[PDB]
Amino acid sequence: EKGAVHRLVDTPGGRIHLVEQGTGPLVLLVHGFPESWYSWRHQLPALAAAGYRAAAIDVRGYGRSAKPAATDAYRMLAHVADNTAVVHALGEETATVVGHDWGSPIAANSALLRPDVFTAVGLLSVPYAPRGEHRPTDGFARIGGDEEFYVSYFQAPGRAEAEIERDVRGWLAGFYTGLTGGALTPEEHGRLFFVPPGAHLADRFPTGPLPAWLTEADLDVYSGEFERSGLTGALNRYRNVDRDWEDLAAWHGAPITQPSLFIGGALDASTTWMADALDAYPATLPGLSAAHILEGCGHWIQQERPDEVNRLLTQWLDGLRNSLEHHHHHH
Amino acid sequence: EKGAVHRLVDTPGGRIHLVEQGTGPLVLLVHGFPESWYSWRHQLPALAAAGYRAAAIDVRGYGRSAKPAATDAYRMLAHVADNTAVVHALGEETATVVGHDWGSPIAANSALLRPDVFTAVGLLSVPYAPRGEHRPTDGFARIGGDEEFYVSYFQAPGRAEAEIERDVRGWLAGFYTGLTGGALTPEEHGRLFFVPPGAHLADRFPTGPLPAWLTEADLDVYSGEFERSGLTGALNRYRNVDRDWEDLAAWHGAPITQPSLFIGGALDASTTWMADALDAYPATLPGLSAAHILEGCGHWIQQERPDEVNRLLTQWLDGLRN
Amino acid sequence: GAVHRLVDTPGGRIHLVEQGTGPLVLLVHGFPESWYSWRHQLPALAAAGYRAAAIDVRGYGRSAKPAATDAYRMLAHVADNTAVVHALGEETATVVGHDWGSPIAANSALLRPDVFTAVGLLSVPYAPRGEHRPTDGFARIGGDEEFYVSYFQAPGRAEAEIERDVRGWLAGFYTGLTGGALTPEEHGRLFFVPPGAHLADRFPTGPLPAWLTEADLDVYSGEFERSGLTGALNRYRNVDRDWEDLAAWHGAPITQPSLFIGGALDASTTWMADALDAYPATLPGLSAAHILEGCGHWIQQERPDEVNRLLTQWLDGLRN
Amino acid sequence: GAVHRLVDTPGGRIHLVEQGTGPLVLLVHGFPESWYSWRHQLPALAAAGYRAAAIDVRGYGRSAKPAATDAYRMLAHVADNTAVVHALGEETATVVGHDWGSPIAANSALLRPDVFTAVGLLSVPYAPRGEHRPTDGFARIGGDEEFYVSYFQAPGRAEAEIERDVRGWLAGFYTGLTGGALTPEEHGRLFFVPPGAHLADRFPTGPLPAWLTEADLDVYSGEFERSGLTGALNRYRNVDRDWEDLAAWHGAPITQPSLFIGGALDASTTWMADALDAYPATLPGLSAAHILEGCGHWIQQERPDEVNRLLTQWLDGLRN
Amino acid sequence: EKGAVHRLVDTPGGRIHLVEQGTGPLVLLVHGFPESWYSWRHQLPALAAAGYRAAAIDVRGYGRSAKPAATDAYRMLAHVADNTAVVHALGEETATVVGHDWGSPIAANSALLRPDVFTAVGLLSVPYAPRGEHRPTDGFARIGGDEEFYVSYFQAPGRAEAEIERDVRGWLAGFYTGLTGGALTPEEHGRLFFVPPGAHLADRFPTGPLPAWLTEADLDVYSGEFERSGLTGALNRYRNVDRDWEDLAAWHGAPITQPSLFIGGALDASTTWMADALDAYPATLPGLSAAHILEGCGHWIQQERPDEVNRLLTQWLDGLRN
Amino acid sequence: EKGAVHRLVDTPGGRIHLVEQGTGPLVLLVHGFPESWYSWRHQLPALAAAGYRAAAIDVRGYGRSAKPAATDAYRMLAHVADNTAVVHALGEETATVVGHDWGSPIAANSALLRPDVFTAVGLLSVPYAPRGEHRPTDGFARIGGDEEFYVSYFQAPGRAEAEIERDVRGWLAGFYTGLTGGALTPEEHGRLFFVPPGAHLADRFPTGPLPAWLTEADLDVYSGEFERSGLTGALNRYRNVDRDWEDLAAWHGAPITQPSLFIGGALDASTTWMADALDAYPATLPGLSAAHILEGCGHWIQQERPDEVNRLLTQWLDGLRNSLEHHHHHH
Ligand SMILES: C[As](C)(=O)[O-]
Ligand SMILES: C[As](C)(=O)[O-]
Ligand SMILES: C[As](C)(=O)[O-]
Ligand SMILES: C[As](C)(=O)[O-]
Ligand SMILES: C[As](C)(=O)[O-]
Ligand SMILES: C[As](C)(=O)[O-]
Ligand SMILES: [Cl-]
Ligand SMILES: [Cl-]
Ligand SMILES: [Cl-]
Ligand SMILES: [Cl-]
Ligand SMILES: [Cl-]
Ligand SMILES: [Cl-]
Ligand SMILES: [Cl-]
Ligand SMILES: [Cl-]
Ligand SMILES: [Cl-]
Ligand SMILES: [Cl-]
């Protein structure tokens, strides 16, 4: 908003747009799907006030950042190159990278592939899972039986786009609402991630009022982005899970040793469906400071619990600046 | 922005964004390349004050409107379907369509193919030329000599995009400035449209101050649209010239009989390079009220000469109403 | 008498056979037919005071057959008709189309009502452009079995079946859709292909129908043995493209005078009852909808005199 | 008299016109021609005691025209000829080919010498398969200008030129290669296309040649207005594939009795002098090589009686 | 190896590798899938001792022979051109061609298309069947039911490769073992050739000891070839069954008139699945000396029954020489 | 040969063949173009005798290693994953990687992307050049004017293969001979790397006797490999220079900090044409032990100077085990 400043920086893949606020060590924030730099609006002044230079990018394919045409231009190595060039373009040599949802694997792999640049890593909602042995799409395909796991539904180009483009604002509204903590029962919350043959993912989205974290003016911002960007850039992220599995094969099973932080929502499927990865943290994230679970919190962790995320981030950052268990938080 | 209202309407091709202002007969406004509904900001209050409902769309491929993946989804028949469905979605059965730059052939073919909907047509900068016998790319490739005509440069996917994406804001400012009336000499103006082999089109763009009609805040708006939309939807318009020439073959040499209006800039190549089209207006636009040439005006006619364009549109429109 | 002409068009060239003097009646044949399908109408129209011009549709006989599949989209057929009217020295015309020629004629009247000032539609009713993608509709019809229109979509698929014996395939198809040739049971299954089967596996065998002599079959088969069937089939392969191109006329009615003639034993008639029932709104200038008892698909050949009477009576009515 | 037949072949079907009784003489026309190019030979062969069968080559007239370009490779033409001999109830035949029919006949004799026991070659000499890729040779001929065979390689390119006016293009080509129609100067440039030009830009205009009446041109143009030119041109688009397929016969000679007839004013004759000079080794069973004075490319039509005499005299000689 | 000499000869399709031994009339040996010239190691000294020049090639796609990239470069006419040019490159005008497994149709069509070069033909394991009316893939797809016939499994590029590359040596050993006479019951033997959906062909391969004809050192040779060559050249042979059926249409139903010899294994599916082809030998191979069925012998006939195969070949060859 | 043992190991991209010899720390050797594991035959017993476990792989696309069909399966990240999986498959956690010619960028990038695995790196003939700003093929295209730089000549699939397949043994013989130290004058040596339009690269290869380092039996081994493998796998390496430039963008300008060693030949074009990269070593290889130039030595450094390479490698290794300038060596 105000105090925060928009920047356009050049990277090998092209233009990256970001909003930065504050002075001090660089904290690079990486949003998820289908989101925006604007998802960090609550973190930007808190990190700035706490003595940090926070920079929230638009991920490749999103908002005002470059959106290359080729699908493989959204492979993990491209996002990691995007982050590296942003740190350098901001005049820094190192940074803490914090990622949410798809920004979490982007942040983890940034820390994994360039540890001399990304010297600490925060992960929200999606735990770190090392590159594994099996092809992801063959895996997403076991799931569901009958119904198609939404990640498989997302693979075919133009398919999910056609569904979403029917009414972008409505589709975002349903998705934002549906994954908010407590918006759906566990049981419908789970059925939301599967698409019956011939159906649409949004057929199981709720239609009631916007959640408390999303005003109509906030939705105008989000829908205003995707009505302009389209969804292909965002969706191409999912369309590289196989390519990423090949590219990261040199880091098969590799741990992130740098200091790390995990914050997840108790009502977040991204957290509860990958509990095994989360429980492997003593081996996969040996430098983890702590794993925090926010009770009653859904998927949009840094907007559903902005003050709690702010508190945990800056406490963790400050601990690193002045130099295990699941910790569960109430409210 | 203050008076005008944003809307999203459904069309057979997907969502169309528009900004409308005023009450009365529908005047549909269609921007060109590389612009936005925002190019009509000075016309929306003027038409509204004159008793019209002005509706400025984002053309398919631009701003908040749908941007299909397929290059041929930007063929002329898609734009015309977009315009028709916009008139119907706004609750109207007829409308006047006014188009600038590429919006001009879009308005012309809207008037040509659906004369029962678009009952009068205004064309700015780009004259009406009926569908001809020659394949458009065969001509674009002929002129310029060793240098490549910019429309020909725009044909290959990703080529013009790669150039513009180097600096979307910078490219727009140069193009906006280069085509402003008097910003370049006529010689400099003419070669701006030709690309020497290995060169970039923007290599002949001027640098320095923005033209008077475009503030830095105006550039923030335009560049903010294209930093989100990309340039492919916009460029795909050029990539259908041969497809349109095929599609429009059933209206080969056909005139537009509706009442029509033409406004062009004396220093606009889009106007002065098609003098032959203007000379055929007595036959091709037999319902023409008048052809207006604005002396000293460049390409961005409704922003470079907003008051005279406003007056010409409303007086012409009122003329139809009596 | 009747005369062959080759006229220049934007897509290349249209071959046609014209007969008579007077207001121009452009005749547009269906699938898998020929200008020759109108042979009984050309002298009748000439005797009634009209200049009848029966084209070979793009892809057929002596007309241009471009290689690209989408060169057979509806807008191409319409430019073909427009250019033919102009090449014959006329400014307006009555267009009459049968089977696939019916939507070609209907869209000619719809897009250029200043040229096509009246329209005749045979066998296939007019349905305005709707919002559902045609191939999605053709899919989930049948189940299970593949609706023949879906069968026609894949390039080379129907061609490989027909080319086994162009003449035999033509005869079976002409025979199968003749009024009274099959039970309803047989008639309905003819339009569906079981997986791995051929469409013609359900074609009847035996004697040629009454409207088709052996010499008639020689003409038809002599054409397709030279042209092949791709141009004809590419017509079906543009239903989705057409649905996109015609979106600017979504739900639009045809307002100028129109005439419909269909067969009671024509599936094209009974499967599009809704379209026929919507005529008061979709064809408000409709003169009448005639359903000919016992008539199959090949209406202007199975009921040559009745079609001639209705057409010339309708035509005479317009200019009176 | 002469009779039309449709015979079944592995590639689909060959249409042909046969006349006479006796040993089978299969006639194979060139580009852009027809079975009809042999019209003066069919009665002559019948009167001399032979059953002459003039096919439409695959891609032409009423014969099958498969979609794939490589379905016009030389082995397909040879299976077509083999299947035709068998479909006509014969076990062996004499094959006589003109222009592109010459390599088709030559390779039929080469690959199935037990079926094709004698071979006639008109206009185009026999050259055994060599090791150089043909398209590489056609490239660096001319420079600078594009040899017409290279011009024929790209799909749609020659077709777009010809389809502007199939009849006019045919007439110009037939006229240009008629004996004496052009100066050497004009004749040589006809086979090269300057960049951006059309091959027919160097075709002569004016009266039809003496061998081609207006009614003759109606037949030819009536065929290609129905078939299009892709099947015919796909023949040229297989020179490289043929060069690969025929590698098992690299440098192989044709040993059974053979006959060559060429025109002195035929470029196909003068540009392949080396092939003609190598006949003692490449065609050791050669009866004679006849070069007809003043004759252009269309040898069996420009010199109908001389070709008839040489063929029947040669044929009578073999079985004596 | 000791007596035999390695050679590289030029052919129109590129380099062909072979190992030759002996002096006299040329006997060209053609291995099958997935083998090597090395499959003829027991025949090279025997033919040489009998007065013949035996030449065992690496088929195109195998070992040290050229392996073109294009799938259709493995069509039957390429193999025949390879064989012809090999005869000519070795300084001969004629030869006897003897082929095993896929080398059998290669030898048959070599004899069919160039009878002036290949004056007698031996066929092992795979009977001669003249080119028929039915598209080969239409048949392969019909049989097996819900399970997929292995030739049909081999059609898609990379599919069979991915399975085999999991463990080239292991796959070969299983296939070599599975088709050895008596290694499997006839029921197990038959389903080895069908792949249930989602399964791998090698899922039905036996494990355990190598067959008697193949030492570990022999497997090192075979696996060492395929670890370098890959399997695509070998599999591309199957990927041309429909192309060959088109290419060979000019020899539809044609018989091979040369003197011919057939040797097959009683427990070899390649032999027993084509009994109909064997029953037509009086018409299709009218120059057949005799059809030999080796009881208890499996697929790898010249290695499973080397002495009897050696005797049959040389006595047949000597029979031609008088 | 003997003492050395062949192994086949499984990697994410498939099978890697290698020959290993010795006991002690792992020294992974990576050959160049168009070579083989067999190029290290002289290093295998010397490293084994000096207390090291030397493992010479066949690079992806070569000899008995896997040769995937897709061209991009030869991107740098695949070679680096190949090396990582080989270290793990041999029961080790770290290794010294030593690469020659194309194995040198493979070894450097292995050390750059997985420094926790590859803890020291040796580079022969080809210096380390960080990922740069310009697209490689646009660069290879400036070169020559008229004549086509062989790297550009190598891009079109099937093009160089057709040339080489005309006579694989002859082509290797000419290339091996042509780049041997002192085999050609500087001037012809340079013209060898350019192809006039319509010509063949081998048209400028010498035809005399094999160089001293290559016996007829050695050439039988090399030609015996490529007559079986074909050249596409080897050439696809060159066909990924652009893809590599994208993939390594996250390491733009990045240095290798681990201990490094460079050995190059004085008569090696690979050394003299990239002198600028070699002279940037204080910044790009801050951990360089030394840069060694072997006088009179050509391209095939570890075969043209086997004892000198052995001596420099083991002295360097031993220095690391017990814990700037161009150094030029004579003979
Ligand atoms: C874990 As998600 C909602 O970005 O697919
Ligand atoms: C007609 As224009 C100069 O806007 O491309
Ligand atoms: C009703 As129909 C003969 O056009 O498929
Ligand atoms: C010599 As010709 C008519 O076949 O190009
Ligand atoms: C004929 As076979 C079993 O070797 O594919
Ligand atoms: C440096 As090199 C001979 O592998 O291209
Ligand atoms: Cl995109
Ligand atoms: Cl810090
Ligand atoms: Cl787009
Ligand atoms: Cl920028
Ligand atoms: Cl066609
Ligand atoms: Cl065709
Ligand atoms: Cl291969
Ligand atoms: Cl393995
Ligand atoms: Cl490969
Ligand atoms: Cl060490």
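All ligand and atom numbering here is 1-based and tracks the order in the structure. To find a chain, count down the sequence lines: A is the first, B the second, and so on, and within it residues start at 1.
Within the structure, the closest approach of C:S268 to ligand 3 falls below 4.0 Å when heavy atoms are considered. For the ligand labelled ligand 3, residue C:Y236 lies inside the 4.0 Å heavy-atom shell.
Counting the atoms of ligand 3 from 1 in the order shown, those under 4.0 Å from a heavy atom of C:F31 are 3 (C). Per-residue contacts place C:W100 under 4.0 angstrom from the following atoms of ligand 3 (heavy atoms of the residue considered): 4 (O). Counting the atoms of ligand 3 from 1 in the order shown, those under 4.0 Å from a heavy atom of C:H297 are 3 (C).
Distance from atom 4 (O) of ligand 3 to its nearest protein heavy atom, with residue and atom name: C:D99 OD1, 2.7 Å. Here the protein heavy atom with the shortest distance to atom 5 (O) of ligand 3 is C:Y148 OH, 2.2 Å.
With a 6.0 Å cutoff to the six-membered ring centre and a 45° limit on the axis angle, A:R321 counts as a cation-pi contact of A:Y52.
A centroid separation of 6.0 Å or more is found between the aromatic rings of C:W35 and C:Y60. Centroid-to-centroid, the aromatic rings of C:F31 and C:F152 come within less than 6.0 Å. For C:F147 and C:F192, the distance between ring centers is under 6.0 angstrom.
Below 30°, between 30° and 60°, or above 60°: for C:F173 and C:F203 the angle between ring planes is between 30° and 60°, a tilted geometry.
For the residue pair C:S34 / C:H29, no side-chain donor-acceptor distance below 3.5 Å is found, with atom types taken as modelled.
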